[PDB]
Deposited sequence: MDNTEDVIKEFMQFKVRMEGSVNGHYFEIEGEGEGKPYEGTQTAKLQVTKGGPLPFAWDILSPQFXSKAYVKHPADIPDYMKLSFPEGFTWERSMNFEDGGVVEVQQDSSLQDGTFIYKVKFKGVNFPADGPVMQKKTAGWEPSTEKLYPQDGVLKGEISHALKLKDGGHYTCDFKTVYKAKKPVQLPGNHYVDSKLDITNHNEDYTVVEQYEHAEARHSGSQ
């Protein structure tokens, strides 16, 4: 994939979303090293700001072309380019909050283009998302497996709380190449997403993610 996906690649992203009815839009840009599994993003809230809910529920929605894969695990997301792939995700939180996300990824004239639609509902008014009591995602491991002609991933995930406990969230994601490409077998991806900067009202935010694929255990 060295001809299509270079060792340095940039991306642009736009998200339209709502949380408990509150509409917003975010635009951003990012860059990274797809074969090393590292990337940065800078996001700006362009509508609906300042957001009255935790940034953290948005952060994993702003880039699977940048996961380091061993040679022996087919890198389905990289192989999908230039046409690209789509993903659809549910996030089911312990307190009944639920998010659904739909994303389209393409490569256009050397730059990745990401389009995201986000909808979160049923977050309790006094819960940690609406009260902005979260403090970032734990490091995670996604279990990936082929099924029904697509790649599926599950994470038993958790957000840290400012008080030091956790707020758990089950992720289910379906990744679909836009053309037929070789599916990998079962594997795991370790990710770590850090919010590295933000302004006081989270209308400008910087993120960094490191992600690497491997076999079980």
For this session: Any chance you could give me the deposited-sequence numbering of all the stretches lacking C-alphas?
Result: 1-3, 66, 222-223
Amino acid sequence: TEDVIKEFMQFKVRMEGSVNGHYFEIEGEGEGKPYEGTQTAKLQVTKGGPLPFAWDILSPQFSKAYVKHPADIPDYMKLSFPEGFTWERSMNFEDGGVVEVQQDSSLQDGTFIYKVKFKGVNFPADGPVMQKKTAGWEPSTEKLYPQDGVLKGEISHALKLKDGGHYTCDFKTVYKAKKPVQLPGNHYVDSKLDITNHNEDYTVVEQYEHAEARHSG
From here on, numbers count along this sequence of modelled residues.
Seminar exercise, completed: Looking only at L58, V67, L43, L51, the Cα with the top B-factor belongs to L51
Seminar exercise, completed: Assert third(CA B-factor, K160) within chain per record equals highest
Exercise. C-alpha B factor of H166, ranked within the chain: lowest, middle or highest third?
Worked result: highest
Problem set entry | Chain third (lowest, middle, highest) by recorded CA B-factor, residue given as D75 | middle
For this session: State the tercile, meaning the lowest, middle or highest third, of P184 with respect to the CA B-factors recorded for its chain.
Result: highest
Exercise. Lowest, middle or highest third of the chain for the C-alpha temperature factor of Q207?
Worked result: lowest
